[PDB]
2 protein chains.
Amino acid sequence: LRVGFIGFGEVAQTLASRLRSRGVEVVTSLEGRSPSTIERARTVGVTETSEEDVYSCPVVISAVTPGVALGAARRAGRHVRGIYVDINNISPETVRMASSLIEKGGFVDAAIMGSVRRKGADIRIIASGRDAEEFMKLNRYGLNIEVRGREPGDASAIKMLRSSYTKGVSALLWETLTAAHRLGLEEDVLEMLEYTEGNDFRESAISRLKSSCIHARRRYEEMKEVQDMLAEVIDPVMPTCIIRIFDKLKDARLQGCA
Amino acid sequence: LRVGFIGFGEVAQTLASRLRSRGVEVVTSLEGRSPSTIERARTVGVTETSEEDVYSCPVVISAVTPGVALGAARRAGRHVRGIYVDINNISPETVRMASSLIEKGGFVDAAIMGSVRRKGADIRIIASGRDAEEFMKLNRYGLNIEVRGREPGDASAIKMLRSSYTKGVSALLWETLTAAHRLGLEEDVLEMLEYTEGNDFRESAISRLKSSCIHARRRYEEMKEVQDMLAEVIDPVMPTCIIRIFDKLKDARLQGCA
Ligand SMILES: NC(=O)c1ccc[n+]([C@@H]2O[C@H](COP(=O)([O-])OP(=O)(O)OC[C@H]3O[C@@H](n4cnc5c(N)ncnc54)[C@H](OP(=O)(O)O)[C@@H]3O)[C@@H](O)[C@H]2O)c1
Ligand SMILES: NC(=O)c1ccc[n+]([C@@H]2O[C@H](COP(=O)([O-])OP(=O)(O)OC[C@H]3O[C@@H](n4cnc5c(N)ncnc54)[C@H](OP(=O)(O)O)[C@@H]3O)[C@@H](O)[C@H]2O)c1
């Protein structure tokens, strides 16, 4: 059929390109969009149309910025009658609000579970909501979707919970290795760990260490979000310490000096 | 030659038994020791001798209790001229002080990296200090020693750092899964984690979770020690929150209840 995209950045380009290569007609509205967006669209060769025509597609995918997710849902919510797929990196609470704005359509919470830069359209996408199985039918056109949870908010929650764990582990590794570094024992500690944490441990370990530091500010903000989502369900103990570690984080051994 | 043991409890029995079966004469002093200790000694068949005769052995191993380690070193240090191997669970700084008490001998910081109970004499032991290589010669007699670090305190630090990391991950896992459970998403989070943490994750995680809950009381006490040990080297942030989780912890899904 036709799949319309709200926004046409990196995610929309990768996804649209794949769908197009499998015979799907992809459409987007370029009115008011930047030259970079207009160029990605023209590189892919998507159908240029009006906003309301985009909203008429049986599947509409919102791939804008986290800060624009609610506004896109509000503008689309007045017209979309098919399925509206929000694939933005937003919190479960924001997803539920976006869902309330889609008044006549079926809302699907999609969460990208990997790097679009490294995996392309083969990236694993999880989706939740009553209409998720309908979105998953796009797997016939080259996508890699899987249905998880039961309602909008669940897919984004799984992604947030996984990310929460991985950020906490990164913070723990940093504190552990800074102490090891003061004694000159970081390598020995890393080697004792590969004994019980796995074979490919040390590799991704150093990798996560470096990125946790480069993006300390961003990771800190992500942690405030996880603290809020967890509080709705439990009384969160770990985020507070993790945040303190990221607060501090503002040749891998060089990330350990202080 | 002759290996002397100060203290003759579970650790000493296990190691002495292995050494004896490989032809080493093992000796210890039973004066002032309890019935259970005298019994372990006679079950193994150790040579009963004077306190000073023990100190004369080329290798003297101190396997007493943490609260007795410094006193044992003070007494042995007036006599030992061979190698004094401290295998007690004391902080790295306590090990360094025990080292200063062996005034005429070489000191080796040995650290047991597993369960004596489950692995027996096959347990991996890491050892640090100038004379660590000399202690490692006992591998010829059935032990499993490996040299790490460079000076007394390094082996104990490495052990405590590994412990700090593995206990922190258990707490992070528990909190993440308990929140996931309240949303009915625990399996999804677990599958997403193995879909990213490579290794059999889901399995290595469910077991770590179970053990952490079963032994929550001991884990809590163990974390207080880790916190104190980390404090000798840095101003630790993570143990505070980790301790709060173990404070709470006192079919996998059953454990996720806060
Ligand atoms: N890239 C990744 O690896 C990745 C991974 C996981 C999740 N995500 C998520 O998926 C979403 C899209 O990511 P992305 O990298 O493609 O972003 P870009 O930020 O790469 O592209 C989004 C593009 O959305 C447009 N936009 C902003 N406001 C808009 C509005 N009111 N109406 C229509 N379009 C609007 C922009 O057009 P203009 O340029 O003209 O403003 C923009 O091109 C994000 O929410 C992000 O968190 C991305
Ligand atoms: N068991 C393990 O899996 C394990 C693992 C890692 C580290 N460690 C450490 O290694 C050491 C020994 O462990 P363990 O399990 O064998 O303990 P026990 O507690 O099994 O044995 C210690 C034995 O030391 C003796 N002792 C107490 N005060 C003494 C003194 N002043 N002089 C001489 N002997 C004295 C006792 O004699 P009495 O019975 O007469 O009191 C005692 O048998 C400890 O520091 C412990 O923390 C043990």
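Every heavy atom of this structure was used, including side-chain atoms; hydrogens, water molecules and symmetry mates were not. Note on naming: letters A, B, ... go to the chains in the order of the sequence lines (proteins, then strands), and numbering restarts at 1 for each one.
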Are the side chains of [X] and [Y] in touch, meaning some heavy atoms are under 4.5 Å apart?
X      : Y      : answer
A/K248 : B/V237 : yes
B/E175 : A/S164 : no
A/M192 : B/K159 : no
B/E197 : A/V169 : no

B/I242 vs A/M238, test: side-chain contact (heavy atoms from CB on, under 4.5 Å). Steps then yes/no. CA-CA 7 Å; B/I242 293 165; A/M238 303 304 307; 3.9 Å; yes
Does [X] [atom1] have over 12 foreign heavy atoms under 6.0 Å away?
X      : atom1 : answer
B/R217 : CZ    : no
A/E133 : CD    : no
A/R150 : CZ    : no
A/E146 : CD    : yes

Margin query: For A/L161 versus B/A179, what's the shortest heavy-atom pair and its separation?
Written below: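 For A/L161 versus B/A179, the nearest heavy atoms are CD2-CB, 4.1 Å.
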| request: For residues A/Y165 and B/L193, report the shortest heavy-atom separation together with the two atoms involved. | output: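 The pair with the smallest heavy-atom distance is CD2-CD2, 3.6 Å.
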Please classify the contact between B/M113 and chain A as side chain, backbone, both or neither, with a heavy-atom cut-off of under 4.5 Å.
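Only the side chain of B/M113 comes within 4.5 Å of chain A.
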Heavy-atom contact with chain A under 4.5 Å, split by part of B/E191: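 For B/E191, side-chain heavy atoms alone lie under 4.5 Å from chain A.
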Let me check something: any side-chain donor-acceptor pairs from residues 221-236 of chain A under 3.5 Å, sequence neighbours excluded? List them with distances.
from: A/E221; atom 1: OE2; to: A/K224; atom 2: NZ; distance (Å): 3.2
from: A/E222; atom 1: OE1; to: A/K167; atom 2: NZ; distance (Å): 3.0

Requested in this report: May I ask you to list the residues in residues 117-132 of chain A that approach chain B closer than 4.5 angstrom, counting heavy atoms only, ordered by number?
Outcome: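 A/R124, A/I126, listed by number.
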Inset, instruction - Examine distances only and state if a side-chain atom of A/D188 and a backbone atom of B/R148 form a donor-acceptor pair shorter than 3.5 Å. - result: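 Not confirmed, A/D188 side chain does not pair with B/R148 backbone.
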- Query: For chain A, which of B/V189, B/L173, B/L185 has the most heavy-atom pairs under 4.5 Å?
  - Reply: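 Going by pairs under 4.5 Å, I would pick B/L185.
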| said: For A/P239, which atoms come within 4.5 Å of any heavy atom of chain B: side chain, backbone, both, or neither? | reply: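 Both backbone and side chain.
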Quiz item: Once you round to the nearest 0.5 Å, how far does SG of A/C241 lie from CZ of B/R244?
Solution: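 Answer rounded to 0.5 Å: 8.5 Å.
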- Message: Rounded to the nearest 0.5 Å, what separates atom CD1 in A/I158 from atom CG in B/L183?
- Response: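 Rounded to the nearest 0.5 Å, the CD1-CG separation comes to 9.5 Å.
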